[PDB]
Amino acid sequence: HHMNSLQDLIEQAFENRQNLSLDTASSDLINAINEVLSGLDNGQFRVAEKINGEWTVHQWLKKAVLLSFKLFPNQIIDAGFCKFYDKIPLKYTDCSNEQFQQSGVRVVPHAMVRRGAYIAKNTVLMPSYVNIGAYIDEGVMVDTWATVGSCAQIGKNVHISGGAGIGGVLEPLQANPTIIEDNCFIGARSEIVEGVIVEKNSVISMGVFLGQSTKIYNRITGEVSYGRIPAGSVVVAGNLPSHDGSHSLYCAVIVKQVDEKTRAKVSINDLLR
């Protein structure tokens, strides 16, 4: 009932967003948006959720985030030696030592996290970026210059390697965000975007650039598909030849698939060799 009331305020405001402005926003509404941001930040709200074995999206959460961008004023952020200027608060500002201990997260300087992103215990953030609305479950490693984009869902024990990006999905509203399920390895410099889902136990090698337009070639079956890496897939960068053989175009290739039992026994290097 309480969340149904909060959702209602958000949806009615979003409906007439085209006649709202920073100078004209209900004080009760700016409070409501901040209530949703707080729930996203502490994990009690999450933008997408696996329900009855299906990933589902909560559009009203995206609407609250979209409304924060429209209605919140930019303010100076004073770093001493320089200034920034933005409207989205950072996650770790008034955080005490106890609170950091209780969180179980390591935030390596100078990793940057916006408020409205949840990050579970035993996660390590190397210098990296986590955007508003993201949900990072337990035991995740976010390596240097990686990016966890808006609303992205990162599962337990996922390894996002150096310079790898998980693309944000705030619009369209009905789109599932980019989802990396439990125990996935994302290799360095890869980029998984636009609501692609990488299912459980997958291994993505280096330089895999995977969006909704990227052909996925399954070399075992010979099928070409889009938008989903099935569970336990080993994925490498490849090419597909032209019809006349004059050239080839970039694609992702599924070179093997591995059950959970095997995934715990064989190393990533052996899987790619």
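Throughout, we count residues from 1 along the sequence that is shown.
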For 165 to 173 versus 78 to 86, entry-based mean Cα B-factors point to 165 to 173
Comparing 251 to 259 with 19 to 27, the higher average Cα temperature factor in the PDB entry belongs to 19 to 27
Based on the PDB entry, the highest CA temperature factor among the options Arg228, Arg219, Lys62, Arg46 is that of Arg219
For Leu66, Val57, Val208, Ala32, the deposited C-alpha B-factor is largest at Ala32
